[PDB]
Structures are given as structure tokens and as C-alpha cells.
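Next comes work.cif, with mmCIF, N, CA and C atoms and all ligand atoms.
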data_upload
loop_
_atom_site.label_atom_id
_atom_site.label_comp_id
_atom_site.auth_asym_id
_atom_site.auth_seq_id
_atom_site.Cartn_x
_atom_site.Cartn_y
_atom_site.Cartn_z
N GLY A 1 100.63 77.28 77.54
CA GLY A 1 99.82 77.38 76.29
C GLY A 1 100.48 76.67 75.13
N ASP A 2 99.75 76.57 74.04
CA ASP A 2 100.13 75.90 72.79
C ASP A 2 100.72 76.93 71.80
N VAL A 3 102.04 76.91 71.68
CA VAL A 3 102.79 77.86 70.85
C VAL A 3 102.37 77.80 69.42
N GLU A 4 102.11 76.61 68.90
CA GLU A 4 101.76 76.49 67.50
C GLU A 4 100.39 77.10 67.21
N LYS A 5 99.42 76.88 68.09
CA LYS A 5 98.13 77.53 67.98
C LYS A 5 98.28 79.06 68.17
N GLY A 6 99.13 79.45 69.10
CA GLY A 6 99.35 80.87 69.36
C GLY A 6 99.96 81.60 68.18
N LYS A 7 100.80 80.93 67.41
CA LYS A 7 101.36 81.55 66.21
C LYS A 7 100.32 81.83 65.18
N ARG A 8 99.40 80.87 64.99
CA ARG A 8 98.32 81.10 64.06
C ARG A 8 97.41 82.25 64.48
N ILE A 9 97.09 82.33 65.77
CA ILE A 9 96.33 83.42 66.28
C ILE A 9 97.03 84.77 66.04
N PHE A 10 98.31 84.82 66.34
CA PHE A 10 99.09 86.03 66.09
C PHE A 10 99.02 86.46 64.62
N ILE A 11 99.25 85.50 63.71
CA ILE A 11 99.20 85.81 62.30
C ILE A 11 97.83 86.33 61.92
N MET A 12 96.77 85.63 62.35
CA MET A 12 95.43 86.01 61.94
C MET A 12 94.96 87.33 62.53
N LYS A 13 95.36 87.63 63.77
CA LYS A 13 94.75 88.73 64.53
C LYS A 13 95.67 89.92 64.80
N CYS A 14 96.98 89.70 64.73
CA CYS A 14 97.99 90.70 65.16
C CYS A 14 98.97 91.12 64.10
N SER A 15 99.36 90.22 63.18
CA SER A 15 100.46 90.49 62.24
C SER A 15 100.12 91.66 61.33
N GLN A 16 98.86 91.99 61.11
CA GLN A 16 98.48 93.17 60.37
C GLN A 16 99.15 94.43 60.91
N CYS A 17 99.37 94.46 62.24
CA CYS A 17 99.90 95.66 62.89
C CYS A 17 101.22 95.48 63.60
N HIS A 18 101.72 94.24 63.67
CA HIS A 18 102.86 93.96 64.53
C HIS A 18 103.78 92.90 63.92
N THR A 19 105.07 93.09 64.17
CA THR A 19 106.11 92.08 64.01
C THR A 19 106.62 91.67 65.39
N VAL A 20 107.31 90.51 65.43
CA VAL A 20 107.88 90.00 66.67
C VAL A 20 109.37 89.77 66.70
N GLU A 21 110.01 89.72 65.54
CA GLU A 21 111.39 89.32 65.49
C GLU A 21 112.30 90.44 65.89
N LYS A 22 113.49 90.09 66.36
CA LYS A 22 114.47 91.07 66.74
C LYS A 22 114.85 91.89 65.48
N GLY A 23 114.79 93.20 65.59
CA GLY A 23 115.05 94.09 64.47
C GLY A 23 113.86 94.23 63.53
N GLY A 24 112.73 93.63 63.86
CA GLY A 24 111.58 93.74 62.99
C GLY A 24 111.01 95.15 62.94
N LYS A 25 110.34 95.41 61.83
CA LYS A 25 109.85 96.73 61.57
C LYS A 25 108.64 97.10 62.40
N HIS A 26 108.48 98.40 62.67
CA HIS A 26 107.22 98.93 63.18
C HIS A 26 106.23 99.00 62.05
N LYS A 27 104.98 98.73 62.36
CA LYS A 27 103.90 98.87 61.42
C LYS A 27 102.94 99.87 62.04
N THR A 28 101.64 99.65 61.96
CA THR A 28 100.74 100.51 62.75
C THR A 28 101.09 100.41 64.22
N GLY A 29 101.43 99.21 64.68
CA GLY A 29 101.87 99.02 66.05
C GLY A 29 103.35 98.72 66.12
N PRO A 30 103.91 98.76 67.35
CA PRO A 30 105.36 98.54 67.52
C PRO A 30 105.81 97.13 67.28
N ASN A 31 107.03 96.95 66.81
CA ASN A 31 107.68 95.68 66.94
C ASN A 31 107.64 95.27 68.41
N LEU A 32 107.44 93.96 68.65
CA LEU A 32 107.20 93.42 69.98
C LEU A 32 108.39 92.66 70.56
N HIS A 33 109.53 92.64 69.89
CA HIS A 33 110.67 91.88 70.44
C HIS A 33 111.06 92.50 71.77
N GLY A 34 111.33 91.68 72.79
CA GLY A 34 111.77 92.16 74.08
C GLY A 34 110.66 92.61 74.98
N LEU A 35 109.42 92.30 74.59
CA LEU A 35 108.26 92.74 75.35
C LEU A 35 108.23 92.33 76.83
N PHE A 36 108.53 91.06 77.08
CA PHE A 36 108.33 90.53 78.43
C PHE A 36 109.36 91.11 79.38
N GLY A 37 108.85 91.56 80.49
CA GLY A 37 109.68 92.14 81.53
C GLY A 37 109.92 93.63 81.34
N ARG A 38 109.32 94.22 80.28
CA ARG A 38 109.50 95.63 79.96
C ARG A 38 108.26 96.42 80.28
N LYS A 39 108.43 97.66 80.74
CA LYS A 39 107.32 98.57 80.95
C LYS A 39 106.62 98.88 79.61
N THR A 40 105.36 99.28 79.72
CA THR A 40 104.63 99.78 78.56
C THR A 40 105.41 100.91 77.89
N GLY A 41 105.33 100.96 76.56
CA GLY A 41 105.73 102.13 75.83
C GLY A 41 107.20 102.24 75.56
N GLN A 42 107.89 101.09 75.48
CA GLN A 42 109.35 101.09 75.47
C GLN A 42 109.99 100.53 74.21
N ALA A 43 109.23 100.11 73.18
CA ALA A 43 109.90 99.63 71.98
C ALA A 43 110.74 100.75 71.39
N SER A 44 111.97 100.42 71.01
CA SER A 44 112.86 101.41 70.42
C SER A 44 112.34 101.91 69.11
N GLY A 45 112.18 103.23 69.02
CA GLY A 45 111.86 103.90 67.80
C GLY A 45 110.39 104.07 67.50
N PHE A 46 109.49 103.63 68.38
CA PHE A 46 108.07 103.74 68.13
C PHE A 46 107.50 104.86 69.01
N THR A 47 106.62 105.65 68.44
CA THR A 47 105.94 106.75 69.19
C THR A 47 104.58 106.26 69.70
N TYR A 48 104.51 106.08 70.99
CA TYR A 48 103.30 105.65 71.66
C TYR A 48 102.39 106.81 72.04
N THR A 49 101.11 106.53 72.30
CA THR A 49 100.27 107.48 72.98
C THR A 49 100.79 107.77 74.36
N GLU A 50 100.43 108.95 74.86
CA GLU A 50 100.63 109.23 76.27
C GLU A 50 99.94 108.20 77.16
N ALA A 51 98.76 107.74 76.74
CA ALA A 51 98.03 106.76 77.53
C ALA A 51 98.85 105.49 77.72
N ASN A 52 99.44 104.96 76.64
CA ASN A 52 100.23 103.76 76.77
C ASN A 52 101.44 104.08 77.64
N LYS A 53 102.10 105.21 77.45
CA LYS A 53 103.27 105.53 78.31
C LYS A 53 102.89 105.68 79.77
N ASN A 54 101.70 106.17 80.07
CA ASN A 54 101.32 106.43 81.44
C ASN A 54 100.92 105.18 82.21
N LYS A 55 100.59 104.13 81.47
CA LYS A 55 100.01 102.97 82.12
C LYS A 55 100.99 102.41 83.19
N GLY A 56 102.26 102.29 82.84
CA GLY A 56 103.27 102.01 83.84
C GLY A 56 103.17 100.61 84.44
N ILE A 57 102.76 99.65 83.65
CA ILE A 57 102.80 98.27 84.06
C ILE A 57 103.91 97.58 83.32
N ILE A 58 104.29 96.41 83.83
CA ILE A 58 105.26 95.60 83.18
C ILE A 58 104.58 94.49 82.40
N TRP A 59 104.94 94.31 81.16
CA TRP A 59 104.35 93.24 80.38
C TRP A 59 104.88 91.88 80.80
N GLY A 60 103.93 90.96 81.01
CA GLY A 60 104.23 89.55 81.31
C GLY A 60 102.97 88.75 81.03
N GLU A 61 102.98 87.45 81.33
CA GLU A 61 101.79 86.67 81.06
C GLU A 61 100.54 87.26 81.66
N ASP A 62 100.54 87.61 82.94
CA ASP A 62 99.32 88.06 83.58
C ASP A 62 98.81 89.36 83.02
N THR A 63 99.68 90.34 82.82
CA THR A 63 99.20 91.62 82.32
C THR A 63 98.79 91.51 80.85
N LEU A 64 99.48 90.71 80.06
CA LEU A 64 99.01 90.46 78.70
C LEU A 64 97.66 89.75 78.66
N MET A 65 97.44 88.78 79.55
CA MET A 65 96.17 88.08 79.56
C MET A 65 95.03 89.05 79.72
N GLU A 66 95.23 90.04 80.57
CA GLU A 66 94.22 91.02 80.81
C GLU A 66 94.08 92.04 79.66
N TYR A 67 95.20 92.59 79.20
CA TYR A 67 95.18 93.50 78.10
C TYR A 67 94.55 92.95 76.86
N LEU A 68 94.96 91.76 76.50
CA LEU A 68 94.51 91.20 75.23
C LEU A 68 93.04 90.77 75.26
N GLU A 69 92.42 90.63 76.43
CA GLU A 69 90.99 90.42 76.49
C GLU A 69 90.21 91.64 76.04
N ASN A 70 90.68 92.83 76.39
CA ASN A 70 90.00 94.08 76.05
C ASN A 70 90.98 95.24 76.17
N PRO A 71 91.70 95.55 75.07
CA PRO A 71 92.79 96.50 75.14
C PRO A 71 92.37 97.87 75.68
N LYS A 72 91.26 98.42 75.24
CA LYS A 72 90.90 99.77 75.66
C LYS A 72 90.43 99.83 77.09
N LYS A 73 89.96 98.72 77.65
CA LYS A 73 89.62 98.72 79.06
C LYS A 73 90.89 98.81 79.92
N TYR A 74 91.95 98.16 79.49
CA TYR A 74 93.18 98.14 80.24
C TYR A 74 94.00 99.40 80.07
N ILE A 75 94.06 99.93 78.83
CA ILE A 75 94.78 101.16 78.56
C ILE A 75 93.82 102.12 77.84
N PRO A 76 92.99 102.82 78.60
CA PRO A 76 92.04 103.76 78.01
C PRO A 76 92.75 104.81 77.20
N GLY A 77 92.27 105.07 76.00
CA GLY A 77 92.90 106.05 75.14
C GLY A 77 93.98 105.45 74.25
N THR A 78 94.25 104.15 74.33
CA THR A 78 95.26 103.60 73.44
C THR A 78 94.83 103.71 72.00
N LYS A 79 95.82 103.82 71.11
CA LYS A 79 95.61 103.83 69.67
C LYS A 79 95.58 102.43 69.06
N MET A 80 95.73 101.38 69.88
CA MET A 80 95.57 100.01 69.39
C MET A 80 94.09 99.75 69.32
N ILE A 81 93.56 99.74 68.09
CA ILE A 81 92.12 99.57 67.88
C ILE A 81 91.97 98.10 67.48
N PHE A 82 91.78 97.26 68.50
CA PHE A 82 91.67 95.84 68.38
C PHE A 82 90.71 95.36 69.44
N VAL A 83 89.72 94.56 69.04
CA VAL A 83 88.58 94.27 69.90
C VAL A 83 88.96 93.48 71.14
N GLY A 84 89.92 92.59 70.99
CA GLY A 84 90.33 91.71 72.07
C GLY A 84 90.07 90.26 71.70
N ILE A 85 90.65 89.34 72.48
CA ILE A 85 90.34 87.93 72.34
C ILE A 85 89.58 87.46 73.55
N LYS A 86 88.34 87.03 73.35
CA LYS A 86 87.49 86.70 74.47
C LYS A 86 87.91 85.40 75.19
N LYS A 87 88.30 84.39 74.42
CA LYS A 87 88.51 83.07 75.01
C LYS A 87 89.87 82.99 75.68
N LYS A 88 89.84 82.58 76.93
CA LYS A 88 91.04 82.53 77.75
C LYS A 88 92.09 81.58 77.20
N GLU A 89 91.71 80.42 76.67
CA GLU A 89 92.70 79.48 76.19
C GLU A 89 93.37 80.04 74.94
N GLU A 90 92.65 80.81 74.15
CA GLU A 90 93.25 81.42 72.94
C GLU A 90 94.24 82.50 73.34
N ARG A 91 93.89 83.29 74.34
CA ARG A 91 94.86 84.26 74.89
C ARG A 91 96.09 83.54 75.43
N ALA A 92 95.90 82.42 76.16
CA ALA A 92 97.03 81.71 76.72
C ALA A 92 97.95 81.17 75.63
N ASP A 93 97.36 80.63 74.59
CA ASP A 93 98.16 80.09 73.50
C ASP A 93 98.91 81.22 72.77
N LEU A 94 98.21 82.31 72.45
CA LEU A 94 98.90 83.48 71.88
C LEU A 94 100.05 83.98 72.75
N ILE A 95 99.82 84.10 74.04
CA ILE A 95 100.87 84.60 74.91
C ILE A 95 102.05 83.65 75.02
N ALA A 96 101.80 82.34 74.98
CA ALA A 96 102.90 81.39 74.94
C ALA A 96 103.70 81.56 73.66
N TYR A 97 103.04 81.77 72.56
CA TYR A 97 103.79 82.07 71.34
C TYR A 97 104.60 83.36 71.48
N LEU A 98 103.99 84.41 72.03
CA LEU A 98 104.73 85.66 72.17
C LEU A 98 105.91 85.52 73.09
N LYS A 99 105.74 84.79 74.18
CA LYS A 99 106.84 84.60 75.09
C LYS A 99 108.07 83.98 74.43
N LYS A 100 107.81 83.07 73.50
CA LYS A 100 108.88 82.43 72.74
C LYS A 100 109.45 83.37 71.65
N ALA A 101 108.58 83.86 70.78
CA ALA A 101 109.01 84.57 69.59
C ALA A 101 109.64 85.90 69.91
N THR A 102 109.22 86.55 70.97
CA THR A 102 109.78 87.86 71.28
C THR A 102 111.01 87.78 72.15
N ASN A 103 111.47 86.56 72.42
CA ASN A 103 112.64 86.36 73.26
C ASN A 103 113.80 85.79 72.47
N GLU A 104 113.55 85.43 71.22
CA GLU A 104 114.62 84.91 70.36
C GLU A 104 115.07 86.01 69.42
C1 LIG A 201 96.24 97.51 64.47
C2 LIG A 201 94.92 97.59 63.98
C3 LIG A 201 96.59 96.62 65.68
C4 LIG A 201 96.22 95.34 65.89
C5 LIG A 201 95.31 94.46 65.03
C6 LIG A 201 96.86 94.91 67.12
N1 LIG A 201 97.63 95.96 67.65
FE1 LIG A 201 98.78 95.88 69.22
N2 LIG A 201 99.16 97.85 69.04
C7 LIG A 201 98.74 98.65 68.00
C8 LIG A 201 99.14 99.99 68.22
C9 LIG A 201 98.83 101.20 67.37
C10 LIG A 201 99.86 100.02 69.49
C11 LIG A 201 100.40 101.25 70.19
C12 LIG A 201 99.32 101.74 71.13
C13 LIG A 201 99.49 103.09 71.74
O1 LIG A 201 98.52 103.52 72.45
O2 LIG A 201 100.51 103.75 71.54
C14 LIG A 201 99.83 98.65 69.94
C15 LIG A 201 100.37 98.23 71.13
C16 LIG A 201 100.43 96.90 71.54
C17 LIG A 201 101.05 96.45 72.77
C18 LIG A 201 101.77 97.30 73.79
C19 LIG A 201 103.25 97.47 73.44
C20 LIG A 201 104.11 98.27 74.43
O3 LIG A 201 103.58 98.75 75.42
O4 LIG A 201 105.34 98.32 74.14
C21 LIG A 201 100.98 95.12 72.76
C22 LIG A 201 101.48 94.20 73.84
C23 LIG A 201 100.24 94.70 71.58
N3 LIG A 201 99.91 95.82 70.85
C24 LIG A 201 100.00 93.40 71.21
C25 LIG A 201 99.11 93.08 70.22
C26 LIG A 201 98.70 91.73 69.95
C27 LIG A 201 99.24 90.48 70.62
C28 LIG A 201 97.76 91.74 68.99
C29 LIG A 201 96.93 90.59 68.41
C30 LIG A 201 96.08 90.01 69.34
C31 LIG A 201 97.59 93.14 68.62
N4 LIG A 201 98.44 93.93 69.39
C32 LIG A 201 96.76 93.62 67.62
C33 LIG A 201 98.02 98.23 66.91
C34 LIG A 201 97.46 97.00 66.77
CL CL A 202 98.60 111.00 73.11
CL CL A 203 105.49 86.22 82.70
#
Could you write out this structure as C-alpha cells?
Amino acid sequence: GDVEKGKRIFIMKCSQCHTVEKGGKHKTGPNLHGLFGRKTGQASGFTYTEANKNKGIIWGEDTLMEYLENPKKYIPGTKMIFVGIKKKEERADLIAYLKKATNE
């Protein structure tokens, strides 16, 4: 995906509730640093729903592609009230940005 396009998508659609940098603050949603390769519900210091803790998947490109299309379909009962991104290329670009930004 296109990291530069994905950053803009993140800012427009996600930054209201999320940070990505190491040591970044929790907002309505958790800081996302270290997301890839981690089970759901594991950001340090954030209180998740039981639903997000129970999901028991590992975040990576494929599981994010699915989640971000329709969050409540993937994790029923989640407190992330976000409609989703319908277009696959936009999800891919966002996820490429996340893969970079949450790993530095
Ligand atoms: C507020 C209105 C949000 C917006 C907009 C987005 N997210 Fe979110 N997210 C939010 C909350 C409250 C939570 C916790 C959910 C719970 O049920 O406890 C989350 C969670 C995520 C997760 C899962 C994190 C984990 O399991 O550690 C991810 C991967 C995530 N959010 C990503 C994300 C992205 C990329 C967004 C823009 C497209 C986005 N969220 C919007 C709140 C909100
Ligand atoms: Cl709960
Ligand atoms: Cl991956």
C-alpha cells in the first residue's frame, strides 16, 4: 500500500480517537504502537471491552483488512464506534501506514 495516502486516511478517519507513536497517549481509543503481531486488547494501560479481549486474534495486515472494513461485524460489542472503510485500496494504504508508524 501507499504509506503517504494511508497517513492522510489515518489523520482524517482515526486520529480523533487514536495515536500511533511509541509512548503516545490513549484517547477514546488505545495508542496503537506495537499493534502488529499482538493479540487484541493488549495496549499497555488501556481498558478494553470484554468483547475486544475475547476476540483472541492477532493483529496483522489480513485481520486489520477485515476489521477496518466493518469493526462491529468483526468484534461484536466493541466500543469502537467507527463505520469502517469500504474501499479495499484505502484500507490497504491505511494499513501500510500503520505497519510503518506503529513499528517505529
Ligand atoms: C472513536 C470514535 C474511534 C475511531 C474514529 C476509531 N477508533 Fe479504533 N478504537 C476505538 C476504541 C474505543 C477502541 C477500543 C475498543 C474496545 O472494544 O475496547 C478501538 C480499538 C481499535 C483497535 C483494536 C486495538 C487492540 O485490540 O489493541 C484498532 C486496531 C483500531 N481501533 C484502529 C482504528 C483505526 C485504524 C481507525 C481509523 C480507521 C480507528 N480505529 C477509528 C475508537 C475509535
Ligand atoms: Cl465490557
Ligand atoms: Cl502482517
*Distance in Å - atom CA of residue 60 of chain A versus atom N of residue 73 of chain A*: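 Going from atom CA of residue 60 of chain A over to atom N of residue 73 of chain A covers 17.4 Å.
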_So that I can check the surroundings of segment 47-51 of chain A, please list as a list in words every protein, DNA and RNA residue that reaches within 7 Å of it, counting all atoms listed in the file and ignoring chain neighbours fewer than 4 positions away._
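Close residues of segment 47-51 of chain A: residues 41, 55, 56, 75, 76, 77, 78 and 79 of chain A.
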*Once you count only N, CA and C atoms, which residues end up no further than 8 Å from (91.2, 95.5, 70.2) in the file's frame, shown as an MDAnalysis selection string?*
chainID A and resid 67:72 80:85
*Using the chain letters and numbers from this document, which residues of chain A does DSSP assign to alpha helix (DSSP H), as an MDAnalysis selection string?*
chainID A and resid 3:13 50:55 61:69 71:74 88:101
_Atom pair atom CA of residue 59 of chain A / atom CA of residue 38 of chain A: separation (Å)_ = 5.7 Å
*Which one of A:94, A:57, A:104, A:40 sits closest to residue 21 of chain A if you count all atoms listed in the file?*
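Going through A:94, A:57, A:104, A:40 one by one, the smallest distance to residue 21 of chain A is for A:104.
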*asked:* When you look at segment 11-19 of chain A with a cut-off of 7 Å (counting all atoms listed in the file), what residues show up, excluding the ones that are within fewer than 2 positions of it in the same chain? I need them as an MDAnalysis selection string.
replied: chainID A and resid 6:9 21 24:33
*Nearby residues, ligand CL 203 (chain A), 12 Å, only C-alpha atoms and all ligand atoms, as a PyMOL selection string*: chain A and resi 35-38+58-65+92+95-96+98-100+103
Residue selection dump (N, CA and C atoms) as a PDB file, in the coordinates of the input:
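The resulting file, selection33.pdb, is shown below:
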ATOM      1  N   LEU A  35     109.420  92.300  74.590  1.00  0.00           N
ATOM      2  CA  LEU A  35     108.260  92.740  75.350  1.00  0.00           C
ATOM      3  C   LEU A  35     108.230  92.330  76.830  1.00  0.00           C
ATOM      4  N   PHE A  36     108.530  91.060  77.080  1.00  0.00           N
ATOM      5  CA  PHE A  36     108.330  90.530  78.430  1.00  0.00           C
ATOM      6  C   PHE A  36     109.360  91.110  79.380  1.00  0.00           C
ATOM      7  N   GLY A  37     108.850  91.560  80.490  1.00  0.00           N
ATOM      8  CA  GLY A  37     109.680  92.140  81.530  1.00  0.00           C
ATOM      9  C   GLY A  37     109.920  93.630  81.340  1.00  0.00           C
ATOM     10  N   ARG A  38     109.320  94.220  80.280  1.00  0.00           N
ATOM     11  CA  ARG A  38     109.500  95.630  79.960  1.00  0.00           C
ATOM     12  C   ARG A  38     108.260  96.420  80.280  1.00  0.00           C
ATOM     13  N   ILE A  58     104.290  96.410  83.830  1.00  0.00           N
ATOM     14  CA  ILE A  58     105.260  95.600  83.180  1.00  0.00           C
ATOM     15  C   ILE A  58     104.580  94.490  82.400  1.00  0.00           C
ATOM     16  N   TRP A  59     104.940  94.310  81.160  1.00  0.00           N
ATOM     17  CA  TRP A  59     104.350  93.240  80.380  1.00  0.00           C
ATOM     18  C   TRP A  59     104.880  91.880  80.800  1.00  0.00           C
ATOM     19  N   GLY A  60     103.930  90.960  81.010  1.00  0.00           N
ATOM     20  CA  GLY A  60     104.230  89.550  81.310  1.00  0.00           C
ATOM     21  C   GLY A  60     102.970  88.750  81.030  1.00  0.00           C
ATOM     22  N   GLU A  61     102.980  87.450  81.330  1.00  0.00           N
ATOM     23  CA  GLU A  61     101.790  86.670  81.060  1.00  0.00           C
ATOM     24  C   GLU A  61     100.540  87.260  81.660  1.00  0.00           C
ATOM     25  N   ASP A  62     100.540  87.610  82.940  1.00  0.00           N
ATOM     26  CA  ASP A  62      99.320  88.060  83.580  1.00  0.00           C
ATOM     27  C   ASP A  62      98.810  89.360  83.020  1.00  0.00           C
ATOM     28  N   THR A  63      99.680  90.340  82.820  1.00  0.00           N
ATOM     29  CA  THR A  63      99.200  91.620  82.320  1.00  0.00           C
ATOM     30  C   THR A  63      98.790  91.510  80.850  1.00  0.00           C
ATOM     31  N   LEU A  64      99.480  90.710  80.060  1.00  0.00           N
ATOM     32  CA  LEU A  64      99.010  90.460  78.700  1.00  0.00           C
ATOM     33  C   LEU A  64      97.660  89.750  78.660  1.00  0.00           C
ATOM     34  N   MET A  65      97.440  88.780  79.550  1.00  0.00           N
ATOM     35  CA  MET A  65      96.170  88.080  79.560  1.00  0.00           C
ATOM     36  C   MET A  65      95.030  89.050  79.720  1.00  0.00           C
ATOM     37  N   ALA A  92      95.900  82.420  76.160  1.00  0.00           N
ATOM     38  CA  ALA A  92      97.030  81.710  76.720  1.00  0.00           C
ATOM     39  C   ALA A  92      97.950  81.170  75.630  1.00  0.00           C
ATOM     40  N   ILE A  95      99.820  84.100  74.040  1.00  0.00           N
ATOM     41  CA  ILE A  95     100.870  84.600  74.910  1.00  0.00           C
ATOM     42  C   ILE A  95     102.050  83.650  75.020  1.00  0.00           C
ATOM     43  N   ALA A  96     101.800  82.340  74.980  1.00  0.00           N
ATOM     44  CA  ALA A  96     102.900  81.390  74.940  1.00  0.00           C
ATOM     45  C   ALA A  96     103.700  81.560  73.660  1.00  0.00           C
ATOM     46  N   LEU A  98     103.990  84.410  72.030  1.00  0.00           N
ATOM     47  CA  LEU A  98     104.730  85.660  72.170  1.00  0.00           C
ATOM     48  C   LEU A  98     105.910  85.520  73.090  1.00  0.00           C
ATOM     49  N   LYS A  99     105.740  84.790  74.180  1.00  0.00           N
ATOM     50  CA  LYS A  99     106.840  84.600  75.090  1.00  0.00           C
ATOM     51  C   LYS A  99     108.070  83.980  74.430  1.00  0.00           C
ATOM     52  N   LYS A 100     107.810  83.070  73.500  1.00  0.00           N
ATOM     53  CA  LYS A 100     108.880  82.430  72.740  1.00  0.00           C
ATOM     54  C   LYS A 100     109.450  83.370  71.650  1.00  0.00           C
ATOM     55  N   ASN A 103     111.470  86.560  72.420  1.00  0.00           N
ATOM     56  CA  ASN A 103     112.640  86.360  73.260  1.00  0.00           C
ATOM     57  C   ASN A 103     113.800  85.790  72.470  1.00  0.00           C
TER      58      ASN A 103
END
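When atom C of residue 2 of chain A is paired with atom N of residue 46 of chain A, their separation reads 28.3 Å.
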